[PDB]
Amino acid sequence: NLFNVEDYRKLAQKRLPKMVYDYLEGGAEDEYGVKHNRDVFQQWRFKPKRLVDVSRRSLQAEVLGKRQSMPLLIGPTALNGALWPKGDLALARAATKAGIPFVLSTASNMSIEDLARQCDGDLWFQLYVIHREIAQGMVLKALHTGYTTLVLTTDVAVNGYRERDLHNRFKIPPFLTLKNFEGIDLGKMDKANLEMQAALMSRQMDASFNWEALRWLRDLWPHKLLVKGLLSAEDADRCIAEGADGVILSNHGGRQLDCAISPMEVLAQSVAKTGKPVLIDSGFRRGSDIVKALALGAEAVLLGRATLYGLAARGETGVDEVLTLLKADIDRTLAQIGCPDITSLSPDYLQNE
C-alpha cells in the first residue's frame, strides 16, 4: 500500500536502522518546528473554480527562466548514501527521469565530478562554507563539471540541537564518505594548510560568512545563484540587492531552530517585495501543500524528506514512485480547483483559515 508520501515514510521506518531513521526524521529540540511546518498548511483551503475546461492540463513551468516538467526539485540533503547505496545517484537519476533538477549537498557521499559524469540531468550544487579557500575549490569544481546553478545554504552557522542524535550518539556511518573534501591534502605546514586543516577537523562551519562574503561568492560564480535558508522578506530582498538571482525560503525542515517560523509565513511577502524567483521548502508532503505555495507565488518547491522516504524504502525506483505520485497529485489538484495550467495559479484559489 504505497499511495502517498506517508506510506513511504512508514516503509522507510521499517527498513532503516533506528539511528538512521532518527537522523532523517528528527528535528531540533522539542520538534514543535517540524509539527508546525506541517500544521501551517491548514491555514489555507481551496476555493475551486467550477465549469472550467481542465481536459488539457500542464504542469510544465520555468524555474529561473528554464523550463522543466513541473515546479519541483529534489533539494540538497547530506549523507544520502546512509539511506540507500549510491543514494545521491539514485536521487539524481530519478529527478532527471522526472524532468526536474537535483541539488547535490556539500556533504554528499558521491563527489561533484562523479555525479556529473554519471548523470546528465540538470544538476545544482549546494554550498556550505567551512573554509573560504576550500569552498572556492568546490565552486570552481562544480562550474567546470557542468553544474548549472549554485545554492548557498546560510542556516547552519552552528549545528542544530537534534536530541534524537544525542540519544543515539549518532555517528556518521562507517562505510560513508565526505567525498567533496577528499584529497584536500595535508602534511603541509604554514598559515593555511594548517588553518585550513584545523577548519576541516571541525564539525562547525564558517559562522562569519556575511553579506560581504556573499558578494565574494557572487563574483566567483557566473551562472544562477540562490541563497537558501531565508525566513524574512527583508533578507530575501537583501540577497537580490547583493546579486542573487533568487532565494529559497526555508527553515531546514525544522532541523536547525525549533521555534523558527515556517517559510510559508513570509512567502507572499517575499514574492511581493523581491519581485524575483522565490523558491521554498520545509514541510511539503501532499500535492496540495505544493499547490498552496505555488498559488502564493513560489517559483518552485524543493523536496527534502518526501523523496528521501522513497530512497530509503525502495532506492531509485522508490524515488521514481514518489515523484510519480506527487506529479499525479499536483495534476489531480489543479483539475479539481479549476486551474489547468500550473503557471496560472494565484491566491484567488485560496481561502485563509
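Residue indices: 1-based, along the sequence shown.
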Task: Comparing 89 to 97 with 193 to 201, the one whose average Cα B-factor in the PDB entry is higher - done: 193 to 201
- [ ] Could you settle it for me: does 67 to 75 or 213 to 221 have the higher average Cα B factor in the PDB entry?
- [x] 213 to 221
- [ ] Compare the CA B factors listed in the entry for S262, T106, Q269, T145 and report the winner.
- [x] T145
Task: Residue of maximum C-alpha B factor among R314, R57, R285, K292, per deposited coordinates - done: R57
Open item on the list: Is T274 in the lowest, middle or highest third of its chain when residues are ranked by C-alpha B-factor?
Closed with: middle
TODO: Place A244 in the lowest, middle or highest third of its chain's C-alpha B-factors, as listed in the PDB entry.
DONE: middle
Open item on the list: Ranking the modelled residues of this chain by C-alpha B-factor as given in the entry, is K179 in the lowest, middle or highest third?
Closed with: highest
TODO: Taking the values exactly as deposited, rank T153 by C-alpha B-factor within its chain and report the matching third: lowest, middle or highest.
DONE: lowest
TODO: Using the B-factor values recorded in the entry, state whether the Cα atom of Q256 falls in the lowest, middle or highest third among the modelled residues of its chain.
DONE: lowest
